[PDB]
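*Asks:* as they sit in the full assembly, here are the leading chains:
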Amino acid sequence: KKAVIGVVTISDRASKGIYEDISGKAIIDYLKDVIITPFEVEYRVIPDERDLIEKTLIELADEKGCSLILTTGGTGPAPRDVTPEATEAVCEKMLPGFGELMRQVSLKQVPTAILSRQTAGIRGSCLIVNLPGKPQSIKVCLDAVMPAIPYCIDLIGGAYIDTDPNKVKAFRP
C-alpha cells in the first residue's frame, strides 16, 4: 500500500485564515525530517465541530487511504475541545498507552499536562493519534510515540513506514 499520512489541524482561527497554523506545519516538518520511506501527506485544517472532525478522520482513513492520521488541537477540558470524542467515535479499538505516555512526557514541561485528553485508536488499517498544540510540545510527544508507530501500522495492515535511525528509531520486535 502507498504510505499516506493525514495531518489534521482542528482550529477555528486557523480555518478562518486569521492565523498561521504553526502546529500542522510542525507536524509535516517532523514527518519529512524523520521518515526515510516514500509517503504523501493529506493535510486538512478544519473548524472544531465534532461533526466535521469525525467526517474528516473518516474521509482520510476510508477514502484517502491514510495509514496514520495525526491531529492537533481541541484536546483540553474546555467543552468545545471534542477531538478525543470524535476519535473515540471513529475507532474500533483504542490504545491507552498512547495517552498515558504523551501526558507522562508532557508533565516534565508543565503541570497542566494532566488536563490533556489526547488519545489514540485504530480504524481499519489506520492509526489515529491526538497530538498537542505548541510546535515544541508536538516534537516531544512525537519523539516519544513515533518509535512504536511504524510497527503498530504494520500490525493493522497499513503501509510500510521507516525512519532515520539517527533521528527516531522505529522499533520492530
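*Replies:* Happy to help now that I have it. Numbering: from 1, shown residues only, chains lettered A, B, ... in the order given.
*Asks:* give me phi/psi at the residue nearest the centre of chain A?
*Replies:* The C-alpha lying nearest the average C-alpha coordinate of chain A belongs to residue A:70 (Cα atoms, centre = their mean; 1.9 Å). As for residue A:70, its main-chain torsions (degrees, to the nearest 10) stand at phi -110, psi 120.
*Asks:* that one is in contact with residue A:10, isn't it?
*Replies:* No - applying Cβ atoms under 8 Å as the test, residue A:70 and residue A:10 come out as separate, 11.4 Å apart. Bear in mind the C-beta positions are built from the backbone N, C-alpha and C, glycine included.
*Asks:* which phi and psi does residue A:72 have?
*Replies:* phi -140, psi 130.
*Asks:* which residues does it contact?
*Replies:* Taking Cβ atoms under 8 Å, 6 or more residues apart in numbering, we find residue A:72 in contact with A:7-10, A:23-24, A:27, A:130-133, A:138.
*Asks:* if I look at it, how far off is residue A:34?
*Replies:* 17 Å (Cβ to Cβ, to the nearest Å).
*Asks:* same question, residue A:131
*Replies:* From residue A:131 to residue A:34 the distance is 14 Å (Cβ to Cβ).
*Asks:* so where do the helices sit in chain A?
*Replies:* A:12-15, A:22-34, A:50-58, A:83-90, A:96-107, A:135-145, A:149-155 (DSSP state H).
*Asks:* give me every residue that touches the nearest residue to residue A:107 once chain neighbours are set aside.
*Replies:* Closest residue in space to residue A:107, ignoring its immediate chain neighbours: residue A:113 at 4.2 Å, by Cβ to Cβ, 6 or more residues apart in numbering. Going by Cβ under 8 Å, 6+ apart, residue A:113 touches A:103, A:106-107.
*Asks:* and chain B, same structure:
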Amino acid sequence: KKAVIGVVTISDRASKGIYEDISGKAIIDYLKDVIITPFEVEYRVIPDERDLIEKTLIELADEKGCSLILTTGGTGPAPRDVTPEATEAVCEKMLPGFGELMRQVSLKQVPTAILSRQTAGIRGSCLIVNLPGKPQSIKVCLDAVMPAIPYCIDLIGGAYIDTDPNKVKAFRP
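*Replies:* Chain B added:
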C-alpha cells in the same frame, strides 16, 4: 463568581458507625493551608450508596454552585467502592491524567496504589476529583494535581481560585 468547594466523604462504615473523619479533615486542612483567595466549603459525609453519591455530587455542582468537588473514599476494588462509577455518571467529560498522576506519585510509598480507581471529570463549570483516604496519600495526591486545578476551573468557566506559590504553584496558563 463566588468560589465554593465541595468536600464529600464517602463512608463504607455508615452501618458500622463512624467515629471520626480524618480524610475530610486532611482535605479541609489542605484547602485552608494553600488557597489564598476567598472560598467557602460545602461538606458532606454520606454512606457509600451509589445513588446517594450521584445525587450529592449533582446537588453540589448544580444547586450549590461548586467549581471544585473533592471526594474521599470508595475508590478501591471491593464491590461496595463505587465512587468512581458515580463520578463517571454525573460528569460529561473525564480527565484521565488525574488518576494516572495520582497513582504514579503514590506508587513508591504505596505499592497497592494500582488498586485505586480514582478518577476526575467535569460537570458543567465544576471539576470533580476523587482522592484517596489516607491523610498522607491525600496530601501527596493534592500536591501533584492542585497545580493544574485552578487553571482547569478557569477553562470550564468556574470561579477564580489561586494558591500560595510558596506552598503550591497554580500554573496559569
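*Asks:* so, the contacts of residue A:113 revisited with chain B in the model?
*Replies:* Going by Cβ atoms under 8 Å, 6 or more residues apart in numbering or on different chains, residue A:113 touches A:103, A:106-107, B:97, B:148.
*Asks:* now, which of the residues you listed sits nearest residue A:15?
*Replies:* Using Cβ to Cβ, residue A:106 comes nearest to residue A:15 of the contacts of residue A:113, at 25.1 Å.
*Asks:* these two touch, right, the closest one and residue A:139?
*Replies:* No - counting by Cβ under 8 Å, residue A:106 does not reach residue A:139; the two are 11.5 Å apart.
*Asks:* of the two, which one has the most company?
*Replies:* Applying other Cβ atoms under 10 Å in any protein chain shown to residue A:106 and residue A:139 shows that residue A:106 carries more neighbours, namely 23 against 17.
*Asks:* leaving aside the residues adjacent along the chain, what's closest to that one?
*Replies:* Among residues not flanking residue A:106 along the chain, residue A:113 sits closest, at 3.6 Å (Cβ to Cβ, 6 or more residues apart in numbering or on different chains).
*Asks:* for the one you found, give its distance to residue B:42.
*Replies:* On the measure of Cβ to Cβ, residue A:113 and residue B:42 end up 29 Å apart.
*Asks:* pull out the buried positions in stretch A:83-98.
*Replies:* Neighbour-count burial for stretch A:83-98 flags A:83-87, A:90-91, A:94-95, A:98 (criterion: 16 or more other Cβ atoms under 10 Å in any protein chain shown).
*Asks:* residues touching the residue of chain A found nearest chain B, list them.
*Replies:* Residue of chain A nearest chain B, by Cβ to the nearest Cβ: residue A:114 (3.2 Å). Residues near residue A:114 by Cβ under 8 Å, 6+ apart: A:103, A:107, B:95, B:97-98, B:100-101, B:145, B:148.
*Asks:* throw chain C onto that model:
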Amino acid sequence: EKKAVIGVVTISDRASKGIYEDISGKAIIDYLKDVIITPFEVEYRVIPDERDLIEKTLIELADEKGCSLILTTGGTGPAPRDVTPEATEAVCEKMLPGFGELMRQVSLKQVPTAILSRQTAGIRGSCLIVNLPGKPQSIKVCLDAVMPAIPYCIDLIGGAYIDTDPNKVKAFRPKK
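*Replies:* Okay, chain C now, added to the rest:
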C-alpha cells in the same frame, strides 16, 4: 478456609492447536511457584484468539474452578484478532486502570512498542484477572510491578489467602 486456585491462560491461535513448550505460560507458572509460599493450585488453559471462548474460559475458571486470580498472556496488541482485553472487560464488573498503566510503564523501558499493548485488569466476583504480555522479559517486569498488590486486592474482594516470599516480592498489606 477458602482454597487458593490460580488460573493461567495462554491465548493464541497458533499454540491452541499445539505448542512444544509454552514459554510464556511456563514463565508465569514458574514465577508463581517461586514467589508464592502459601498452598495453591494452578488451572492452566491454552485457547485460540476467539473472544467468546476467552470469555467462557475466564468465566469457567472464576465461577467453576473458584480461581482467585487469573493471569492471561497473549492477544493484547493492536491487531484485529487480539481481543483478550475485550473478553476481559466483558466478564469483569469492575476494571483496575492502575494495572495496565503501570505494566506498560515498566515494559516501555526496554520495548518502545509497549504503548501498543491494551492489557488491562478487572474483578469478577472474588477473582482478579490480569492481562500479561507475551515476551518473557516483559512478563517479568510486569509481574514484579503488579504482584506486590495482588494478594491485598484478593483480600479486598473476598478471595483466597495468598502470601509471597518477602525476599523475592513482598505482598503489601496496609492496615488500619
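*Asks:* can you check the buried residues of stretch A:83-98 again with chain C included?
*Replies:* Quick answer for stretch A:83-98 (16+ other Cβ under 10 Å): A:83-87, A:90-91, A:93-98.
*Asks:* contacts for that stretch next, please.
*Replies:* Counting by Cβ under 8 Å, 6+ apart, A:10, A:48, A:50, A:53-54, A:57-58, A:61, A:71, A:73-75, A:117-124, A:127-130, A:145, A:152, C:78, C:80, C:100-101, C:104, C:108, C:114-118, C:120 sit against stretch A:83-98.
*Asks:* show me the beta-bridge partners of residue A:70.
*Replies:* Counting by DSSP bridges, residue A:70 forms beta bridges with residue A:7, residue A:129.
*Asks:* that one against residue A:127, yeah?
*Replies:* No - counting by Cβ under 8 Å, residue A:70 stays clear of residue A:127, with 9.3 Å between them.
*Asks:* tell me how many other residues surround residue A:51.
*Replies:* Residues contacting residue A:51 under the criterion other Cβ under 10 Å number 10.
*Asks:* can you list the residues of chain A near chain C?
*Replies:* With Cβ under 8 Å from any Cβ of the partner chain as the criterion, chain A comes near chain C at residues A:93-98, A:100-101, A:104, A:122, A:127, A:145, A:147-148, A:151-152, A:155-156, A:169, A:171, A:173.
*Asks:* drop anything exposed from these.
*Replies:* Buried, going by 16+ other Cβ under 10 Å: A:93-98, A:100-101, A:104, A:122, A:127, A:145, A:147-148, A:151-152, A:155-156, A:171, out of the residues of chain A next to chain C.
*Asks:* so what's the residue nearest to the centre of chain A up against?
*Replies:* By Cβ under 8 Å, 6+ apart, the neighbours of residue A:70 are A:5-8, A:27, A:128-129, A:131.
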